[PDB]
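The structure under discussion appears below in the form of structure tokens.
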Amino acid sequence: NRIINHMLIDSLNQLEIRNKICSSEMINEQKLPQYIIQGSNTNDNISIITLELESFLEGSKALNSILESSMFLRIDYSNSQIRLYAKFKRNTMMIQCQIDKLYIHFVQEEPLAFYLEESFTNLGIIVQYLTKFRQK
Numbered sequence: 697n698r699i700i701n702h703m704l705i706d707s708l709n710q711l712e713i714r715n716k717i718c719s720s721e722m723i724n725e726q727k728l729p730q731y732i733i734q735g736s737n738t739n740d741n742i743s744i745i746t747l748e749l750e751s752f753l754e755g756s757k758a759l760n761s762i763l764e765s766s767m768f769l770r771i772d773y774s775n776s777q778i779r780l781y782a783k784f785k786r787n788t789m790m791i792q793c794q795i796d797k798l799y800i801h802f803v804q805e806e807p808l809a810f811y812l813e814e815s816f817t818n819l820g821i822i823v824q825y826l827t828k829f830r831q832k
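Counting from 1 along the sequence shown, just add 696 to a position and that's the residue number in the authors' numbering.
Below is the structure:
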């Protein structure tokens, strides 16, 4: 798991995307959003990485005022699921509209927090998945 996290870090560096590891101490400190910690029952198959909004968008500064500068990529190997969690900087009324057709699930605990969920089979192509997330 540590090597998988490190190779994801190296791949993001090849994409020139800044990142930080949500280690065991980081998760235990409860500084991360609680809904992300939810479902992580001390399982080594769940990895959370904090990404910069500017870095993940390759310098798109027009989207900094809409989404928070920090996003969270949670990967579950047991579920083989990739979730990109983002937090709205301001409460937009467009959340009240139905966005179910865009495969965006809003966090019940945090209405300003939403996420994109996808299923992956090969980790080597995860970059494309990220772009897909980015596309959405």
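We treat Cβ as the ideally placed atom computed from N, Cα and C, and that holds for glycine.
Give me the residue from the options with the minimum Cα distance to residue i.
{"i": "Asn-760", "options": "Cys-718, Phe-784 and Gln-734", "result": "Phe-784"}
{"i": "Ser-765", "options": "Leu-747, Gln-734 and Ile-717", "result": "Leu-747"}
{"i": "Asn-775", "options": "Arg-786, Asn-739, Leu-763 and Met-767", "result": "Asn-739"}
For residue i, which residues in the same chain have their Cβ closer than 8 Å to its Cβ, ignoring the five residues on either side in sequence?
{"i": "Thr-827", "result": "none"}
May I have the straight-line CA-CA distance separating residue i from residue j, to the nearest angstrom?
{"i": "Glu-750", "j": "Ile-700", "result": "24 Å"}
{"i": "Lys-797", "j": "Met-722", "result": "34 Å"}
{"i": "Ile-791", "j": "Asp-772", "result": "27 Å"}
{"i": "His-702", "j": "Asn-709", "result": "10 Å"}
Provide the residue span of the alpha helix (DSSP H) that contains residue i, from first to last.
{"i": "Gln-831", "result": "822 to 831"}
{"i": "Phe-752", "result": "749 to 752"}
Can you give the beta carbon distance from residue i to residue j, rounded, assuming they're within the 8 Å contact cut?
{"i": "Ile-745", "j": "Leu-704", "result": "7 Å"}
Can you list, in chain order, the residues of its chain with a C-beta nearer than 7 Å to that of residue i? Leave out the 5 residues immediately preceding and following it.
{"i": "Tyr-731", "result": "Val-803, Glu-805, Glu-806 and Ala-809"}
{"i": "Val-823", "result": "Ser-707 and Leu-711"}
{"i": "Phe-816", "result": "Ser-776, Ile-778, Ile-822 and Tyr-825"}
{"i": "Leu-780", "result": "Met-767, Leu-769, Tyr-811, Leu-812 and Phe-829"}
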